[PDB]
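A.B. asks: Once you've seen the sequence and the experimental structure below, I've got questions.
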Amino acid sequence: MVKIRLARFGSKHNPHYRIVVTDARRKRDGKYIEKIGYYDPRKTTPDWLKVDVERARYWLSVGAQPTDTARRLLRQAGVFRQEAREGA
């Protein structure tokens with residue numbers, strides 16, 4: 001059972017979730033096997049998604065199921081496929 005999703009930590013200080021790899025759902029405190037991505041729902045500038053597609057790819061490589069949100073962030077972090085700046 002490996003799934004990557006957003007980990008809500010901030011309670012009343014800074015709203016930020018990480019794209020971490022844990023079970024289907026927390027049980028008592030919430031723990032993951034490792035942290036591959038990071039997410040920050042900030043409505044200021046387009047620069048809050050920070051993932052290590054390499055580690056985030058380790059999980060997607062072990063049949064890791066990313067929720068619809070973390071799934072759309074693994075594609076944003078350039079995880080499903082490499083990205084480049086063609087035309088130059």
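C.D. replies: That came through, no problem. Numbering: from 1, shown residues only.
A.B. asks: Which residue ranges of the chain form helices?
C.D. replies: Applying DSSP state H to the chain gives helices spanning 53-61, 68-74.
A.B. asks: I'd like to know which elements the longest one is packed against.
C.D. replies: Right, the one you point to is helix 53-61. strand 3-8, strand 32-39, helix 68-74 (3 or more CB pairs under 8 Å, 6 or more residues apart in numbering; DSSP states H and E). Where you see a C-beta, it was placed from the backbone N, CA and C, and this is true even at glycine.
A.B. asks: angle of it against strand 32-39?
C.D. replies: Helix 53-61 runs at 130 degrees relative to strand 32-39, counting by axes from the mean of the first three to the mean of the last three CA atoms, to 10 degrees.
A.B. asks: Would you mind giving the helices of the chain as a markdown table with mean neighbour count and distance to residue 15 added?
C.D. replies: Shown next, in a markdown table, are these (neighbours: other CB atoms under 10 Å; distance: least, CB to CB, whole Å):
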| stretch | mean neighbour count | distance to residue 15 |
| --- | --- | --- |
| helix 53-61 | 18 | 21 |
| helix 68-74 | 19 | 14 |
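A.B. asks: Ok, which of those helices comes nearest residue 47?
C.D. replies: helix 68-74 (13.2 Å; CB to CB).
A.B. asks: other SSEs contacting the closest one?
C.D. replies: By 3+ CB pairs under 8 Å, 6+ apart, helix 68-74 packs against strand 3-8, strand 17-22, strand 32-39, helix 53-61.
A.B. asks: Show me what it is in contact with.
C.D. replies: 4-6, 19, 37, 39, 49, 51, 53, 56, 60, 66, 80 (CB atoms under 8 Å, 6 or more residues apart in numbering).
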